[PDB]
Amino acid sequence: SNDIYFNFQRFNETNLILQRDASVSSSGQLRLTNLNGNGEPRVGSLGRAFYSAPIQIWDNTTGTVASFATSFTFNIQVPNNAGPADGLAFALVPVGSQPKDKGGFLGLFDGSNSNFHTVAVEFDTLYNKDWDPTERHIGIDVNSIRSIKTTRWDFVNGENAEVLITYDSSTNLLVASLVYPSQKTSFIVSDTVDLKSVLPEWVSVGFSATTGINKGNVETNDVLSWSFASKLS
């Protein structure tokens, strides 16, 4: 068994790969998106962050896949007289992977057709006519910004959201859940995903987020703590 486990209750940039607007505040928070400087979520911001060490999600010589679980607490805040956009997502991406489109694409996809060998659990705050369900949701994305399945998520501005995502090698079951300790509300989604089919044996694990590309559609995308655990074979 080749295990890996880490838990960050305070972030620091030395063991993180930051891309674009991603940055770690002096207070130890992982801030995925910018500020127009005046303390307001910048428009058209895109930021990604990954753990500096690759994780082996599956082995092609033994044919085994890893089981994993991750939990993190994020906080999305929308400024007065503005709307949430575009969202935040946990993602398993190819090691050297570079950022993609802004806005509705969450920095993870193109809208083109290139195989992104990407799997992500998104927390969509803005409705996109072309592929999104009508209400804000939690979705499991497998190579497309069009979730393979979703669930209604009743977004609450400024409240800490606690997430738990788990993958089981045997059942190929991916389960994502979110709860607002303050609201005592909870949501859960689950579907089967075959990681061998879409992901490369080694992947970089992390977050990606974006703000709307239009003046009044912005939000902050901060992660306050994160823990990941993976067991292979």
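Residues carry their position along the shown sequence, with the first being 1.
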Higher avg CA temperature factor (11-19 vs 216-224, as deposited) belongs to 216-224
Of 147-155 and 131-139, the stretch whose C-alpha atoms average the higher B-factor in the entry: 131-139
Highest Cα B-factor in the PDB entry belongs to which of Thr185, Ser204, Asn60, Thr70? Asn60
Out of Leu199, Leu35, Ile165, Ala53, whose C-alpha atom has the biggest B factor in the entry? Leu35
Pull the Cα B-factor of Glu122 out of the PDB entry and bin it into the chain's lowest, middle or highest third. lowest
Ranking the modelled residues of this chain by C-alpha B-factor as given in the entry, is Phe74 in the lowest, middle or highest third? lowest
Among the modelled residues of its chain, does the C-alpha B-factor of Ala85 lie in the lowest, middle or highest third? highest
Binned into thirds over the chain's modelled residues, the C-alpha B-factor of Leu46 lands in the middle
Among the modelled residues of its chain, the C-alpha B-factor of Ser177 falls in the third labelled lowest
